[PDB]
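To start, the structure under review is shown below, and the notes come after it.
For neighbour counting, all protein chains shown are included, and Cβ atoms are generated from backbone atoms with ideal geometry for every residue, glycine included. Read-outs: derived from the displayed coordinates by stated rules, not from any lab.
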Amino acid sequence: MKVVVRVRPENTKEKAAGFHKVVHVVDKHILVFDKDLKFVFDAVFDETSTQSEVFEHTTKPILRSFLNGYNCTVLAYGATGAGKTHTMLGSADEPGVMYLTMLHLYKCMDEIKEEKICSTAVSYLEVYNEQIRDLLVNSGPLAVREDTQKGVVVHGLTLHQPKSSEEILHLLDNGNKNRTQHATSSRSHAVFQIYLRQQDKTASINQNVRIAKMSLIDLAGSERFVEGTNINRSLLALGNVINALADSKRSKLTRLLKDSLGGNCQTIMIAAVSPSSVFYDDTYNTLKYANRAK
Amino acid sequence: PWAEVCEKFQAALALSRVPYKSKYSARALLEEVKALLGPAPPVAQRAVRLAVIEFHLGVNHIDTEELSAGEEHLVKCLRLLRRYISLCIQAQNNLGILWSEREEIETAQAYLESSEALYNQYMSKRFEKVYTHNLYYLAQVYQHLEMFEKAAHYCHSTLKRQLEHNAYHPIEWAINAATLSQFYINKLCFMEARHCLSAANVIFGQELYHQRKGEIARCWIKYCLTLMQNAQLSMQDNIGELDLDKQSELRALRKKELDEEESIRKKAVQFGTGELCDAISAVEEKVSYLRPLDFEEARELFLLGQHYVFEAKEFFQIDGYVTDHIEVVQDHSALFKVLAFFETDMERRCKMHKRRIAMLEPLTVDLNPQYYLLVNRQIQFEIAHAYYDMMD
Ligand SMILES: Nc1ncnc2c1ncn2[C@@H]1O[C@H](COP(=O)(O)OP(=O)(O)O)[C@@H](O)[C@H]1O
Ligand SMILES: [Mg+2]
């Protein structure tokens, strides 16, 4: 249950059209909004942090628990322009944590290639307007149901078994190439799942050992609001009115994460954010949202 | 060239309705309207039409609401038309939208209030639709203003109007009734809620085609849960098997009159327009339920009718939410037996435990580390055991 921040670097327009900078990074846990708000996090990355730093200072430590039998949940919180996709997918020179995770996992596979009778596989889909579509193969809406042991199985979701680092990025690219176009749409969420089946050296080759699962989620642009002029929307509003004020930071995503918001989970959310005053309003709310999470 | 103006306009109008399919060129049409405006500047009606044009320009000025200049046009239009048809409240409502983007809820609210008042001061199809749309917009506002009560009122009004016209779809009505009854639960006005789901139940006579029935059943259960809470106003733990130790008056004429005074409004809420109010009368047989005492058999029966509907949901769900719903139902039936405060009747208490035994197997199924889920189910067994603790 951790919350971290990635403050992005300023762009040409921001430097040309000198916008006053609002976000000030102070240290690992502290940054100041404008308001002069000393927001406190579990880790804050500044405008120049590398992909390796982001991975090594987050996911790498997290993987220590993953390998120990924990399930993980990753929430790339942010708005359009946050750098969320670059952070996860990344560029060739600066590939994101998804790539790095898999490459690191190849290392982890090597670490237990002798030790354990393990196997791995991966899956990946898009959530768009609460609709679920497999991005590893062209499919329709997937059926999220519980399996023979109550696991939240996204029925119809494929499961792949790559070996090389080329496949890692190649397939990550292929998957992101299948995402809905707005440039990737601001309303698209990416959901990956890492399946770690493993069996301890001293345990029987047919010994029942739980599978560790890591969910990687690229959240859609976070950017109380006027509702759409529709009867269905009115019904939804009625439902909202009927609902008790949970007041939690908090969909099909929660269905997907039903058992991944529970115990034995390593949940982490990152707020990739903009430093410019142009986005001041959203930034304030984002940082306060992060406080809701904390 | 007014005829040619409206001619072009109407073409543009159709086009305004039309890989972007709008905005790109819609804006061009916007400007074409301004060109059509040009010629205009009797004349009193011209000015009305001017407001209409500028209104149309405001309407055109959207582009994902980027074109704030429309706001300026609309304000002028208002002034032009305040001297004195219904499209003008549409405009006011549109200004409200703009304020919602600017977060100016109060002014938007004021517009909506006057939109309503005006029509009422006044006293064949557009309005019929628009009017209800307005009520919805108010509900949106009320959400933001937490005017839940007022919103609910409007909700009923829209339900009415949907019923007045052919805005029908059973699933929608189901969830409408569902949330409405929940509202009433939230506001403890159970007595009004009574006809709501049950009215929807009537509607169901004309996928979720069958699967929605569990949602419906859940709500029927909710009735009972709160009806049992009504019974628990004289908390069973605090009283014996007897009741009306409190005032009796369960159907006191006094209360009937009180309820009738309230029913001056609730009967208005009964939107069965005679025909379906007669259907509602068949429903009223169920609505008659208020605060029953020696009716645990009937109470259970009320459950059983919808229990069987519930059992279809046990079928529809793949052994997961089956138990989430069973969980509730077991307690529900057991609570009827809490009300059936007799040492001679504990067989049902056993039967509810038997269902929990059926719900035991799922705890070996759930291999996910759902400790608290599992514990909750263990608590359900504790509860069953508590039935017996009370018997012993
Ligand atoms: N958090 C960031 N870190 C580094 N560079 C960033 C960051 N945010 C924005 N930039 C860069 O500028 C562009 C804006 O990020 P962007 O891709 O728009 O986020 P997204 O596309 O998911 O909305 C990207 O190419 C990104 O690499
Ligand atoms: Mg992206």
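Let's see how each residue does on (1) exposed (fewer than 14 other Cβ atoms within 10 Å of the Cβ); (2) among the acidic types (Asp, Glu); (3) within 16 Å of ligand 2 (Cβ to nearest atom):
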{"position": "A:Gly151", "(1), (2), (3)": "no, no, no"}
{"position": "A:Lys163", "(1), (2), (3)": "yes, no, no"}
{"position": "A:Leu171", "(1), (2), (3)": "no, no, no"}
{"position": "A:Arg179", "(1), (2), (3)": "no, no, yes"}
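Just one of A:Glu14, A:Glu10 is more than 15 Å from A:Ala271 (Cβ to Cβ), touching a strand residue (DSSP E or B) at 6+ places or on another chain (Cβ under 8 Å), acidic (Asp, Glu) and part of a loop (DSSP other than H, G, I, E, B); which is it? Talk me through it step by step, then tell me what you get.
Numbers: A:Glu14 fails: part of a loop (DSSP other than H, G, I, E, B).
None of the others qualify; the one that does is A:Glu10.
Against the definition (assigned to a helix (DSSP H, G or I), within 14 Å of chain A (Cβ to nearest Cβ) and over 29 Å from B:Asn134 (Cα atoms)), how does B:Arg218 come out, yes or no? Spell out the reasoning first.
Numbers: assigned to a helix (DSSP H, G or I): yes; within 14 Å of chain A (Cβ to nearest Cβ): yes; over 29 Å from B:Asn134 (Cα atoms): yes.
It is true that B:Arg218 is assigned to a helix (DSSP H, G or I), within 14 Å of chain A (Cβ to nearest Cβ) and over 29 Å from B:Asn134 (Cα atoms).
Among the residues of the range B:152-168, which ones are outside any helix (DSSP H, G or I) and facing chain A (nearest Cβ under 9 Å)? So that I can check it myself, show each step before the final result.
Quick first cut of the range B:152-168, residues outside any helix (DSSP H, G or I) only: B:165-168.
B:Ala167 - this is the single residue of the range B:152-168 that is outside any helix (DSSP H, G or I) and facing chain A (nearest Cβ under 9 Å).
Could you list all residues from the range B:175-212 that are under 20 Å from B:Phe316 (Cα atoms) and within 10 Å of chain A (Cβ to nearest Cβ)?
Result: B:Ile175, B:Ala178.
Which condition does A:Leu157 not pass, out of (1) surrounded by 20 or more Cβ atoms within 10 Å (Cβ to Cβ); (2) assigned to a strand (DSSP E or B); (3) away from ligand 2 (no atom under 16 Å from the Cβ), if it passes all the others?
(2)
Is it true that A:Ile205 is among the β-branched types (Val, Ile, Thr) and closer than 22 Å to A:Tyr99 by Cβ?
Numbers: among the β-branched types (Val, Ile, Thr): yes; closer than 22 Å to A:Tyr99 by Cβ: no.
The answer is no for A:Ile205.
I need the full set of residues from the range B:149-187 which are farther than 24 Å from B:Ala282 by Cα and more than 11 Å from the chain's Cα centre (by Cα), in order please.
B:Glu149, B:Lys150, B:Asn186, B:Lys187
Restricting attention to the range A:189-241, and to residues there that are more than 14 Å from every other protein chain (Cβ to nearest Cβ), more than 25 Å from A:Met88 (Cα to Cα) and not small (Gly, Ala, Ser), which single residue is surrounded by the most Cβ atoms within 10 Å (Cβ to Cβ)?
A:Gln198
Could you name every one of the helices (runs of 4 or more DSSP H) located completely within the range B:323-392 that has at least 2 residues being more than 14 Å from every other protein chain (Cβ to nearest Cβ)? Explain how you work it out, then say what you get.
Working: elements: B:347-358, B:362-365, B:371-391.
So the answer is B:347-358, B:371-391.
Which condition does A:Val3 not pass, out of (1) within 28 Å of A:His182 (Cβ to Cβ); (2) within 15 Å of ligand 1 (Cβ to nearest atom); (3) not polar (S, T, N, Q), if it passes all the others?
Looking at each condition in turn, A:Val3 falls short on (2).
For the range A:74-121, enumerate the residues that are away from ligand 1 (no atom under 16 Å from the Cβ) and crowded, with 22+ Cβ neighbours inside 10 Å. Outline the logic, then answer.
The first filter runs over the range A:74-121 and keeps only residues away from ligand 1 (no atom under 16 Å from the Cβ), leaving A:101-121.
Within the range A:74-121, A:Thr101, A:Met102 qualify.
Can we say A:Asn178 is more than 16 Å from ligand 1 (Cβ to nearest atom) and of a type outside the set (A, V, I, L, M)?
On the way: more than 16 Å from ligand 1 (Cβ to nearest atom): no; of a type outside the set (A, V, I, L, M): yes.
So A:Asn178 fails the test.
Restricting the range A:257-275 to residues that are out of contact with any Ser or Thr (no Cβ under 8 Å at 6 or more places or on another chain) and not acidic (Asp, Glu), which is farthest from the other protein chains (Cβ to nearest Cβ)?
Residues of the range A:257-275 out of contact with any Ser or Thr (no Cβ under 8 Å at 6 or more places or on another chain): A:258-259, A:262-264, A:269, A:275.
From the residues that got through so far, the ones that are not acidic (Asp, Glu) too are A:258, A:262-264, A:269, A:275.
On the way: A:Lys258: 9, A:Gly262: 6, A:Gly263: 5, A:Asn264: 4, A:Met269: 21, A:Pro275: 24 Å.
Out of the qualifying residues, it is A:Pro275.
Condition test on B:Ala117, is it surrounded by 15 or more Cβ atoms within 10 Å (Cβ to Cβ), part of a helix (DSSP H, G or I) and of a type in the set (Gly, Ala, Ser)? Spell out how you get there, then give the answer.
On the way: surrounded by 15 or more Cβ atoms within 10 Å (Cβ to Cβ): no; part of a helix (DSSP H, G or I): yes; of a type in the set (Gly, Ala, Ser): yes.
No; evaluated as a whole, the condition is false for this residue.
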